[PDB]
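Report on the structure given below.
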There are 4 protein chains.
Amino acid sequence: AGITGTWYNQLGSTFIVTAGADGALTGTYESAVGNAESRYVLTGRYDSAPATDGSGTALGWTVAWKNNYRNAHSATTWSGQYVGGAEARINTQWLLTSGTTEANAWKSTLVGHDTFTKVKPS
Amino acid sequence: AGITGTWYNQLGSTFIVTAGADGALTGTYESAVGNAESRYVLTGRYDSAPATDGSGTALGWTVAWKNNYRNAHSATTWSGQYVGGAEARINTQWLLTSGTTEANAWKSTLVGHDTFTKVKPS
Amino acid sequence: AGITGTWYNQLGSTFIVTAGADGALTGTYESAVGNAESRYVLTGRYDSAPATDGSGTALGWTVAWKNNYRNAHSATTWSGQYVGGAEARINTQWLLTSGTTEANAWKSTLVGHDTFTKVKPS
Amino acid sequence: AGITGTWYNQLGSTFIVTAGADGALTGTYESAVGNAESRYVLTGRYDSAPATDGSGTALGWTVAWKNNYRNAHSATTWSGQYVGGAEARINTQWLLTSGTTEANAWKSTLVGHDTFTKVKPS
């Protein structure tokens, strides 16, 4: 429970994630709101025995932007924490790297944040 | 091939990973050499068909810092690219997130970089 | 209008800043609203001829967390952009490096994000 | 106390910087080994009473990529620590932001690292 299920960020993006008993996160990422080729494999890990003091649950997952149809030659990883209950939400920061020449290494990695909630937004 | 194998970073951390045809990354991590008290589960994704024009192969992976010995209440994700050849390496940046309370949420995430080689460092 | 003035983020921090003619940012950052021993010097840079296509105004500044009464032995740099208009704001990502040692250098840099508006939260 | 002076990274970029006794950092950056058009104002802050326990000296500075010649509608912030001695060096992580539209704001900011030494490498 808790992590398992559908999450939406505040810009029309989805991922259905199942959380395993050991600490696994596997699922998909529907980069577009719906369509079977904006969909990408997702896998990750989470603190499957988190503090009880009212801290968040630490987690991260990875998606590589290749599927059956498309390749961005790149990948994103999210790192953050899960908060349950009233405003259940996943707070993250993310890195998105592209394969580059050595020459372009330096401009290879974008950084950002993102918040997913259990209820779609506007 | 290439990616599958054992990897070392400047600080003597190690990880043994398997790269699957799909795009799966599966192995373990160790943040303190010698001992298996720092053996944690790694799962990830990589670009199973990258752009042969000389660019790196994009990938990322996650490690939840909980195993059967200790629990850290935090996870790390690595974003980066793999390069093979005589100087084979994985160059990454990473986010380390600790579960916190609303209060310390601003102190939740560590950022860094990491270069992994097939050869143990001095 | 523009950048020059008073800004607020969600957590009760303010800075007052003057946007110099040729590209300077100078001012003070108060981490606690109405608290004297929490003012620190701010210095920065911004794009003084930003585009005319809707884009934001690139900017960044720095605070070394040392003043008259306190010294954290650390520093933050904010990088982001300014948007004027009805919903004026400065969207930022920040890095916070503390002085560490060789050994502990890995755990030296906090990463995050922040948004300042001309009009207080609640 | 030896922050002021000339600094190099491996991609043949320099900055010259003067560190006042008030926490100020003023200087020039020059992404080209030589070349007036490649010069940009630099301004920052550092910790002017750093601990003497073997920790680096925390600092950061900003550069807005507009000068008397060019405008890149962006700015970099570097955050990091000065390490003196004979292996003297400034270890940083940086954030590069361009002015984007709200639409492209997600790919606004690059991340990376950089090391500077008082001596040009390879």
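Using the numbering of Swiss-Prot, the residues shown for chain D are 39-160, in order.
Per the header of the entry, the method used was X-ray crystallography, 2.6 Å.
Any Cβ shown, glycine's included, is placed from N, Cα and C.
A strand conformation is recorded for D:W132 (biotin binding site) in the three-state DSSP classification. Within the same chain, the residues at least 6 positions away from D:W132 (biotin binding site) whose Cβ sits under 8 Å from its Cβ are D:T114, D:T115, D:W116, D:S117, D:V149, D:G150, D:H151, D:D152, listed in sequence order. Residues or ranges marked as biotin binding site by Swiss-Prot: D:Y67, D:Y78, D:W116, D:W132, D:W144.
Taking the Cβ of D:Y78 (biotin binding site) as reference, residues of its chain lying under 8 Å away and at least six apart in sequence are, in sequence order, D:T66, D:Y67, D:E68, D:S69, D:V101, D:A102, D:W103, D:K104, D:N105.
Counted over every protein chain shown, other Cβ atoms within 10 Å are most numerous around D:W116 among the binding-site residues D:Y67, D:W116, D:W144. Secondary structure at D:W116 (biotin binding site), taken from DSSP and collapsed to helix, strand or coil, is strand.
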